[PDB]
């Protein structure tokens, strides 16, 4: 069968939040190193890619191989029934028509068990045409978040411009023009505090806003986030899921 058992249930839930509003139905691929999730959002613009590795679960086990076709909203109700010390455990038979999550408690003895129904899908693994991007920004995830939320009240679009020393976010509305600017981190300190740019040649791109705002759902997962940018190639917002893997959001520029 399949029995992936994470010590810190919270994690999975967080991940649900990071997707939930983007994708309304996903197939979790299970194999010997772990689960992997590939989907193109409701409106087919952004792309989610999720990895979760065997070594990170307290107990991993995929004998055979599973495309689990879980609907995400339903799954979100279920996780939402967990607590934050709750031991999740997805479980499934080989061609299981159902996946079971089963929550235990560390300092209690209630034992939840929710079985949800699995769906069939086609799975369109468009690759991540791997490039070495022109500019890698690392920055505080909650900073990036505060930024994205703020600048949405002006434009529908965000201009992200990096140079060797700083990154700049900019928005123009029928209301006002707005410019937020981060300089780079003197003395490479705590990542909650650290802006660090590896800068080959300057990049300046426009992105849509609702999408940044949804990618920033993933903010709790890591206190850091990392925008990799090159011209004409999509943009990668990458949150580390903290030692178990990570989630990448892919978005195309405009203009």
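Positions refer to the first chain, counted from 1.
A.B. asks: Averaging the C-alpha B factors as listed in the entry, name the stretch that ends up higher: 187-195 or 32-40.
C.D. replies: The recorded data point to 187-195.
A.B. asks: Higher mean Cα B-factor in the deposited model: 118-126 or 99-107?
C.D. replies: On average, C-alpha B-factors are higher across 118-126.
A.B. asks: Per the coordinate record, which of the options 219, 213, 200, 49 holds the highest CA temperature factor?
C.D. replies: Checking the PDB record, the top C-alpha B-factor among 219, 213, 200, 49 is at 200.
A.B. asks: Checking the entry, which one of 113, 150, 165, 143 has the top C-alpha B factor?
C.D. replies: The record points to 165.
A.B. asks: When the deposited Cα B-factors of this chain's modelled residues are ordered and cut into thirds, is residue 72 in the lowest, the middle or the highest one?
C.D. replies: CA B-factor rank for residue 72: middle third.
A.B. asks: Rank-wise, by C-alpha B-factor, drop residue 242 into the lowest, middle or highest third of its chain.
C.D. replies: For residue 242, whose C-alpha B-factor we compare with every modelled residue in the chain, the answer is the lowest third.
A.B. asks: Please place residue 251 in the lowest, middle or highest third of its chain according to the CA B-factor in the PDB entry.
C.D. replies: For residue 251, the deposited C-alpha B-factor lands in the middle third.
A.B. asks: Select lowest, middle or highest to describe the third in which the CA B-factor of residue 235 falls within its chain in this entry.
C.D. replies: Middle third, going by the recorded CA B-factors of the chain.
A.B. asks: Where does residue 92 sit by CA temperature factor within its chain: lowest, middle or highest third?
C.D. replies: Residue 92: CA B-factor falls in the middle third of its chain.
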